[PDB]
Structures are given as C-alpha cells and as structure tokens.
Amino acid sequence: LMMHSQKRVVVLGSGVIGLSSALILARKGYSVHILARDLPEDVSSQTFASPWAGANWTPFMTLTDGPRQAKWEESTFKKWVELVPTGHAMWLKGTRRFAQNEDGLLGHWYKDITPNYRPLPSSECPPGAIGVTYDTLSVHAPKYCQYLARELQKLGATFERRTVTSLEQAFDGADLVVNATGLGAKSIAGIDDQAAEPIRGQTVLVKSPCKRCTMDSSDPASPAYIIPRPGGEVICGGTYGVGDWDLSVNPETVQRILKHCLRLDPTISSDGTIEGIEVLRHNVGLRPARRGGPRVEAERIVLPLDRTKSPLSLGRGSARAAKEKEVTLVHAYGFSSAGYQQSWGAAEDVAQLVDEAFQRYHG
C-alpha cells in the first residue's frame, strides 16, 4: 500500500528540446519518462538535429517577427551564463557578425544581453558588408545534451528507445505527452503536421585553437560561419537548404565552405591555406523547421484515434468506441536553426502548459 505519484508525463523526443522540457518538469516534481528513437548517446545519428548544432546564441529575428523567439533566447542566455563556471557553456568574446545591411542586424534587439555589443567599422567588415561585435555564449551540442541527460538520471527520469507511429503508443501510462519530435511530428498519426520541414545544414568540423566566432550573412549565395567549441574544435558551416532532405556530403560544398571561412579568418588554417585546415569530420544535419514557426501549445485529444482525425491512423478507416479517453498533447517542435538558443525558455513555456493542464484535467 504505497503512496504513488499522480504527476506522470511522457516526453516524446530526446533532442535538446525534449531533454530541456523533461529536466524542468522533473525539477518541478513530475515523474518523467522519455521515449525517443534517437538518444543523447547517438552523436552521429542523422535522423535528429541535436548532435549537429554549433551551438551558439545568434538571434535571427526582430522582436516584432519573433516575440516568443526573443523571449526564449533571452531566458536561455541567462541559463547558459550560469553554466560557464562549470564549463557547460563557453564565452565567445569579440564575436563578429556580418550582414548585408542594417536590416540584417534585426534592430539590435539583444544588445543589452550580449556584453560589449558594438558596431564594427567598415575596415573590419568584408567588402560592402556591415557588422557588429559582442560576446556571446556557446555549448558543445552533443555533450550539452548528455549533460542534460545526466541531470535527468539524478532526478529519476528514465529513458526508453522507441519509434512511435501513432499517438496512443506514446500515451504509455500517462495522460500527458510532451511532443518534441522535430521533423517526426509530420509522420506520427495524431499529429500529422504537414508544415514540418527540414533545412539542410552541411558543416566541416575542424581541429583548431581558433577561439573567435565569426558569422557572415552579407553574401546570400554563400552563408558562412566559424563556431568554436570546447576541445580545440571549430565548426565551419554554410548551408540552408529549405525542404532539402539530402543526407550525403556535397564535396563542392566542402570547398565553398572552407574558402569562405578561410576568408573570414585564416587562423582556422594551420598556415592560412585551405590545405592547412585540419579536417576532423564532414557533417550533414537537417534542422527541424516548421512553416508558421515553432509550435508550443497544448492540445486536448481523444483516444483512440480514428481515420477522420488522422489520414495515417492504424487499423481500418472505420473506427468507433472501443473505449475513448481524452488526453493532453503539449507540442514543442519546429525550432529550425534556433533550438539550442531557445531551448530553456521554450521548456519553461512547455512546463507552464503542463502545470496548467494538470490543474485543469489530470486532477
């Protein structure tokens, strides 16, 4: 006769978003089980996005275009600040950001957040480009995820490898599921979101003591970035292929990325030559984006699913009673290129929805 918890939650997805949601829910006292295909130990898996990020904090919208985005970014920055002392985050001082025009600098909304924010002289920008410098924060994407996972372990969360094809499979002994499935949200019956889209990112992992972060959007026909991370490693990138699922390495893209990046900062080379760059790995990830922006909202759903709820529902088109429970589905996906830098704020919004839902339905 043991007192048992009535605060059970399934988190579907183990990328940085499910992990951070899970961690805040667990700290709040929820009993959390994580169900996912891809787990933090799968550091070279291409079927989720989280191993492949920089990951730094680089705002991409105006306050007006991305009010939630900015709120989430601002909150995650404070958290990363708190992680510098133990090394789970790293200052990228004197980051330089180059854009085509004043528009590309997004109203400078974040200037009070990133220290030493200031405009660059045109002597310190590529030709025709405008620029600012500031100090921002970075995490080692796969290690940061494993760190979150350890924190979850200690709070008693559990992990289970599973690939779900229909919602009832996730409502596994719980009446609330957190859906943090990235691109998978499109092909799971009960979610079916056609708006989910990938945005392909190829990068080159480079061995280099280069400690400066440079980003250049001033050339539409060649996005370039250098993002340092702990371990004497930098990530050189350059692609944004919207709707592109190709997982294979483009050899021509290798050269365009390294040339542009070299341009940006020859010290990523052993001798300022393309040929002096010490390549560790060629990488391709697909950012899990969504037309209409990230989806963070709670929905009420009746189970089991019928073919009129989902084109992908299992069994025969004809469905009826055979019970019929109602559960809560809290969406958290389609963060595109900003999942790490928005992750802690997003998880905060997620846990507020869960608190909310439990107050209303589940007791």
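Numbers follow the displayed sequence, beginning with 1.
Higher mean CA B-factor, judged across 313-321 and 33-41 from the recorded values: 313-321. The stretch with the higher mean CA B factor, choosing between 249-257 and 97-105, is 97-105. Of all the options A180, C145, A129, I235, the entry's greatest CA B-factor is assigned to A129.
The PDB entry gives the largest Cα B-factor of the residues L92, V204, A149, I277 to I277. Annotation for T136: C-alpha temperature factor in the middle third relative to the rest of the modelled chain, per the entry. In the PDB entry, a CA B factor belonging to the lowest third of its chain's modelled residues is recorded for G285. Per the deposited record, the Cα B-factor of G292 falls in the middle third when ranked against the other modelled residues of its chain. Sorting the modelled residues of the chain by their CA temperature factor places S217 in the highest third. Among the modelled residues of its chain, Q153 has a C-alpha B-factor that falls in the middle third, as given in the PDB entry.
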